[PDB]
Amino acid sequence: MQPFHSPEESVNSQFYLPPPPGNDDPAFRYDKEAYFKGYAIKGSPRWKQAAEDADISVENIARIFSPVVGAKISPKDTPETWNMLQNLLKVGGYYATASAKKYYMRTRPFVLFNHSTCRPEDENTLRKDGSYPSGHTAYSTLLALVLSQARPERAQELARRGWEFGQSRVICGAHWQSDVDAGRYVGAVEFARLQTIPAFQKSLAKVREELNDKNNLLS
């Protein structure tokens, strides 16, 4: 279970991403307004989804995307895919966002306004992690793209769910809208980098056949 590449092989997100919005910048005004719009729908359906989207454990990630990609994803039925899910979280959720995160150590909204998020358990961890850019977003975006490369006919569904997965971080109170916008781009950049790695290409080929197999088809 070795990541497709080492941390040093991720494209330096600190170099290509712009800096997060400043205190008096219109973009930050938007971040704050966006934060409160999410807070308003606390306890609604969309808000409960955001809470579920908060958990990136492979199990929950498989449960969420299985219907979207249209195939049952599981350790037994889809071995390579199962490893692909975890591997991508490592290079995309963490390695790809690392330099930028540490460089700015941006404070999270729920910390700023001293509020509770949609997933209280993860709060002590979040507090220690730089807000910009969002790892969940980078991972979901990357994931949507990889699965779309494996099952092209579910592209629109994957692209859509990938987008909402990111928005859940805004609604959940864990991230500023600007952290999510930057996370999507980080996920795309990582996705391109993976294309040049043999290990990734081998894994994709197997992932492709598992999710296209008639026995694993799901409605």
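Sequential numbering from 1, following the sequence displayed.
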| message | Tell me which stretch has the larger mean Cα B-factor in this entry, 123 to 131 or 91 to 99. | response | 123 to 131
| note | Taking the deposited Cα B-factors and averaging over 73 to 81 and over 106 to 114, the higher mean is found in 73 to 81
| query | Out of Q156, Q167, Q49, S178, which shows the largest CA B-factor listed in the entry? | reply | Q49
| remark: Of the residues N23, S13, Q195, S203, the one whose Cα carries the largest B-factor in the deposited record is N23
| field | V207 by Cα B-factor - lowest, middle or highest third of the modelled chain | value | middle
| remark: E33: CA temperature factor from the record, placed by chain third, in the middle
| Thinking about Cα B factors across the chain, which third does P152 belong to? | middle
| query | Compared with the other modelled residues in the chain, in which third is the CA B-factor of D55? | reply | highest
| field | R160 - Cα temperature factor, lowest/middle/highest third of chain | value | middle
